[PDB]
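Protein chains in written order, with the authors' numbering: chain A, 3678 to 3773; chain B, 1259 to 1373, 1381 to 1500; chain C, 3436 to 3482, 3489 to 3628; chain D, 5 to 107; chain E, 2516 to 2724, 2728, 2730 to 2827, 2835 to 3066, 3076 to 3089, 3102 to 3145.
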Amino acid sequence: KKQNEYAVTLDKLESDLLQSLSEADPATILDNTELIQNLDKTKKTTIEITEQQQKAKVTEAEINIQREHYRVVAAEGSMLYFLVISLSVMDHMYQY
Amino acid sequence: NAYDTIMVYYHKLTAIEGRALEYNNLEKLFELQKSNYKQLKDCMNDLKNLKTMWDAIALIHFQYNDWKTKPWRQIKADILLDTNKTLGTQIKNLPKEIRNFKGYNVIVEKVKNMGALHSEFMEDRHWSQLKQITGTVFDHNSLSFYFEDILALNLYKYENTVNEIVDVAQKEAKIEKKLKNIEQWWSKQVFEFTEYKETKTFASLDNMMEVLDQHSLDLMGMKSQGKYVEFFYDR
Amino acid sequence: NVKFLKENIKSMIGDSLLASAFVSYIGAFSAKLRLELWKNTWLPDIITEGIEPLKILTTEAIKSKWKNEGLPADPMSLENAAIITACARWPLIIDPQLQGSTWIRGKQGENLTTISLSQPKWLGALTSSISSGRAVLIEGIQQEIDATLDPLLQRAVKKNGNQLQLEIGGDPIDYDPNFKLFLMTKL
Amino acid sequence: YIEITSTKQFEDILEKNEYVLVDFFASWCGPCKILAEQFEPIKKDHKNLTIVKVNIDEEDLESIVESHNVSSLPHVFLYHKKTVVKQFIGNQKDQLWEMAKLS
Amino acid sequence: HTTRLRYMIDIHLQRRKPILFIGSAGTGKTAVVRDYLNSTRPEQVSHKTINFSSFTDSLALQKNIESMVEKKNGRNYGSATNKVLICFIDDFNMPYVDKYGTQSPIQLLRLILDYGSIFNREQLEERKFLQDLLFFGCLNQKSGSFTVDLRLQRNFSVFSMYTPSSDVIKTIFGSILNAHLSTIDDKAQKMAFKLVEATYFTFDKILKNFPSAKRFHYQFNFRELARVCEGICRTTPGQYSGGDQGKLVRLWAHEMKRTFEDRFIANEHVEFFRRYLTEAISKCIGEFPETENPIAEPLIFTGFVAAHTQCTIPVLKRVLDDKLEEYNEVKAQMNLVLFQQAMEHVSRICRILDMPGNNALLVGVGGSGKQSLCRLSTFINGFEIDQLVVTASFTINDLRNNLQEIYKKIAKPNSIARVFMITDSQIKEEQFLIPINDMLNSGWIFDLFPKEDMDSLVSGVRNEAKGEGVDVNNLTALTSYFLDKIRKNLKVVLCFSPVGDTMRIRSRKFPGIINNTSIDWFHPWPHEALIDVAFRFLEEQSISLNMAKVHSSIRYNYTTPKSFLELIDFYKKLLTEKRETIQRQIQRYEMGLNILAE
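This is the structure:
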């Protein structure tokens, strides 16, 4: 959920990139100090995206190491469940 | 005033056509390249003519004028498909000179300008809508008949305003019919009583109940889609 | 980034037709069927290829928000999360088990309703839904289609003055551009 | 007087007859009164001439109108041996009589 | 065979004996009845004929019977100034059978035959009789027209026949050919007759293979082949350019394709038929006369003088564009592309309209506007168009009011009728199908226009009939001529979906549908036309191949041709919006560069 919100946090940067020319309507943009800070904000996100890439690599690699630990019995219990769900067709009352 | 100038230069062109005819004679005498030179007879054909098409315009335009006189009921601009711009298309089909002469071209400009509204579907509200949307300040459409009003308004250029008024009117059409049922079929009905052991009492309830519920269904289906609700909203 | 795009216009030709045909068609065929369709993605006629359309559809961010809404981490759920983005014609949600509907409901948690077919207020809840500009879900399909919703099943958006309104039954009901609809079947 | 609304029949009239005086006319008036009351006398006086009356207002006859390039409703044409000899317009009794006399 | 028929019919009429006959529908038996009746009428005795539907019972019999006369022994029938009255049964097995297999008209006939009587159904002793009436009729075999019960045929003498022979077909239709070809340029009698024997040979083999069991719409009939020979004599009769028999042979193959390629279902059928057709033409005459005719078609517009006979592709393109624009002038436009199959469909509509009296069929789904193509084609035909309005009050009374309005606007103006359109959805009440069948066969309905309505309708049509030259004294030739003109005016088109299982059910439920109309297939979309629309919409080549190849590959398990139209729209959108998003991000990157550089 945290790599989830951070990739959405990039969307705010995508917004603040777009407004950099949009909010000022491409006028009197030179003397506006707010854009400089918007550029500095883009630098913050650049390392925030850099935090997104490292976390995505270190965690999700570990997540798969955690997921495989049981995966085979999951897909087992998966199709085992669909099979026992299909038992009701050959006899009424055989619903779980 | 244009005619006179064009008459002088057309008489010069008649000397032209005489000389062109004598040069045509010269090709008949000795072989030459007559087909090489684009000699048109449209000019001298209009010299002999153009009263033809001028009176044509007189009849299209004095139909416009007899129509400018047609009273507000006698005019037909919308139950008439298109006499005005049909005849204008005729003028356009007529030769190049003609469509360009601004006798024909003044009446063709008028045709493109002028080029349902008198049916049951139309109502006073649609007449006032015509007034407001056409921007016409006249007690003319909103009153009881239409003449010399939305020709002073261009009929073809604002044919679309008239068209959308026709459209909202033919959409209103269903309220012209279906809510007459409630008032007729209700007014021709009365409580009915019958004696139940020395007491008169309402009876034949089924017909009255269907009457009332059909009334309500008409009211619902009317308060539905059509903005025309105002035609019987109070009822 | 400009360089990436100036190529990307040219790279957009071909692979885009492929995603469009599959997303419009194959949304309910077997997964194994879709695989051979991607290996048979008209390769000698589609003339980049290492730009597989599963990633051009969405980003990890939108998939991410939907996980928070309860979306599975599972491929088949991912392409189903991609087909719901397309809303030209209303969806048929074949839902052999429930979490598909639960996440869709988890994803639709603002203005919404749910009506069964054999419902007394069925037409009234229909009218209130289309007039309010909300969602609506239908689950007990009984594997059948109704006649009175067929003018609503198709985009019969007729002009009624400035407003757009539609016939569902005797009452001619108003549309709402905010309104949406979904269904759900099981078997 | 001949009253015809079809171009093909007008053409066959011209094929089979020697002289034809056609009056394009309207069921309404223009600047002056109709010549239809003076036009039947000229037919009754010159039976050697096929005198035709042709009414532009008819939609079937709009074809004859377009073919002869007739635009003026009152339009009297003199044809001899299938070809146009003369044409004038306006409800002009003198012009109609001159055309009939020189037909 | 019909000479034996004549021999029988003469003595039976002298005996005033009611008889029947067994024979396939579409075997000109109605026409034999017409021949005999129009030969014998001559103010000696009146007549009447009646059609049936499954939802017909004794009721309609009593009404349509009880039309007219008051004699003694209560209201009953009397040949005032005549000898007897006669009625005919068009279709016999048509009326519905209960689960015990009985029809109330059969029991009404029990009563009428054994007693010469009737009981009016209003609650009284209103019990009337019959004095002079004769019954006749005919019917095809058991399939799917039911068997007669022995209580009936014991009182009705019948006899059988079977399909005519090659010598008979040659006799009649080659006699018609003698007439038509000897009228103009008779120097080709031998090759024409040999063309007709090629027709018979191809017919024989295609019926040898393909059986009517393949689909319900499979049938070959004498009246079909009569329509074929009539399309042959339809040809521009002048055509004084007899320079190649190949001209009339290519025209004839055009009518061949008109007859059969519209009906063929498996393209294997078309392969077989074209193979056999070119095989016959080659065993017959000529070198490459018909070896390939994909485009060749005798059209009408722009062919005759000032029409605006065969013509060419760019001329067709220009004239169809001009007529489409002229339609857009007055009516709202419909710019579905003029692709070659659309233009072929337009020409099919043209020839169907060229055929008057009878109507045709359109078994094809919507989506594309087939009704809009009908609007365009009927606009270039310049005739009147109409279509019923669907309401919640979809009452037979409403159809009847529209129909009275229809008959007023068809009889008083004395002009062409309004060409009609109906779809499967438009007709919810199944009872609406019966008056439509009456439109199909008679073109009018009993008691929909009662006696005073008859007189008021024919008032002005009478005086105009005296103008054209039918006397007022006949008074029956008059009314027959009037309804004949009504048929010459009316044209109707019926749209269906081929997926509809109940299409076959209602075809068996109504014989007028399959007999009157013509079978045309509307058919998997023309792949070439798909390519055409694809590379045209580039206005907004390998790709135009590619998407159609995709659709042509999806066929394995399941596929849908219509969704390919919606996929064409879907990817047209996707192209627009994806290029637009590409532009949005181009501008975002451009302004990133702007701020970078600044």
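Each residue gets a CB set at the ideal place from its N, CA and C atoms; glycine is no exception.
* **Beta-carbon spacing of residue 3617/C, residue 3568/C below 8 Å** => no
* Asked: According to DSSP, which residues form a beta bridge with residue 84/D?
  -> 23/D and 87/D
* **7 Å CB neighbourhood of residue 2689/E in its chain, flanking five on each side removed** => 2708 and 2711
* To do: Taking all protein chains shown into account, decide if residue 3009/E is buried (16 or more other Cβ within 10 angstroms of its Cβ) or exposed.
  => exposed
* In this structure, does DSSP put residue 33/D in helix, strand or coil? -> coil
* When 3448/C, 3441/C, 3538/C and 3444/C are compared against residue 3077/E, the one with the closest alpha-carbon -> 3448/C
* **Neighbour-count burial assignment, residue 3144/E, 16 or more Cβ in a 10 Å radius** => exposed
* To do: Please compile the residues from chain D whose C-beta is within a distance smaller than 8 Å of the C-beta of residue 1311/B.
  => 75 and 76
* **Uninterrupted beta strand (DSSP E) stretches inside the stretch 2774–2799 of chain E (no shorter than 3 residues)** => none
* **Minimum Cβ-Cβ distance from residue 3496/C to chain A less than 8 Å** => no
* Asked: Leaving out five residues before and five after residue 91/D in sequence, what residues of the same chain have Cβ atoms less than 8 Å from its Cβ?
  -> 79, 80, 81 and 82
* Asked: So, does the CB of residue 1352/B fall closer than 8 Å to a CB anywhere in chain D?
  -> yes
* Asked: By DSSP, does residue 3615/C sit in helix, in strand, or in coil?
  -> strand
* Asked: With C-beta atoms as the reference, is residue 2644/E less than 8 Å away from residue 2588/E?
  -> yes
* **Nonlocal neighbours in the same chain, by C-beta distance under 6 Å from residue 2847/E, ignoring five residues either side** => none
* With a cut-off of 8 Å, does the C-beta of residue 3694/A fall near any C-beta of chain E? -> yes
* **Under 9 Å (Cβ pairs) to chain C, residues found in the stretch 2904–2930 of chain E** => 2918
* **Span of the beta strand (DSSP E), counted from its first residue to its last, around residue 3530/C** => Unbroken run through residue 3530/C: none, as it is neither H nor E.
* Nearest residue (CA-CA) to residue 1292/B, options 1303/B, 1278/B, 1300/B and 1302/B -> 1278/B
* To do: Return the bridge partner residues of residue 3473/C from the DSSP annotation.
  => In the DSSP output, where bridge partners are listed per residue, residue 3473/C has none listed.
* Asked: At a cut of 8 Å, does the stretch 2881–2894 of chain E reach the stretch 3039–3046 of chain E through at least three beta carbon pairs?
  -> yes
* Asked: According to the neighbour-count rule (16 or more other Cβ atoms, all chains shown, within 10 Å of its Cβ), is residue 77/D buried or exposed?
  -> buried
* CA nearest to the CA of residue 2737/E, picked from 3106/E, 3140/E and 3030/E -> 3030/E
* Could you please tell me which residues of the stretch 1325–1348 of chain B, in chain order, have their CB closer than 8 Å to any CB of chain D? => 1348
* To do: Show which residues of chain E have a CB atom less than 8 Å away from the CB atom of residue 3481/C.
  => 3081
* Determine contact between the stretch 3570–3587 of chain C and the stretch 3550–3558 of chain C, defined as no fewer than three beta-carbon pairs at a distance below 8 Å. => yes
* **Pairwise C-alpha distance: residue 3497/C and residue 3552/C** => 30 Å
* With DSSP run on the structure shown, which of helix, strand or coil describes residue 2516/E? -> coil
* Span of the beta strand (DSSP E) holding residue 2886/E? -> 2886–2889
* Backbone secondary structure at residue 2632/E - three-state DSSP -> strand
* Decide yes or no for the touch test of the stretch 1402–1415 of chain B against the stretch 1326–1342 of chain B: beta carbon pairs closer than 8 Å, at least 3 of them. => yes
* Asked: Which first and last residues belong to the alpha helix (DSSP H) in which residue 3681/A is found?
  -> 3679–3699
* If you count every other CB in all the chains shown that lies within 10 Å of the CB of residue 1405/B, and 16 or more means buried, which is it? -> buried
* Asked: For residue 2653/E, which three-state DSSP category applies?
  -> coil
* In terms of alpha-carbon separation, which member of 1456/B, 1476/B and 1415/B lies closest to residue 1467/B? -> 1456/B
* Asked: Closest Cβ-Cβ distance between residue 1444/B and chain C: below 8 Å?
  -> no
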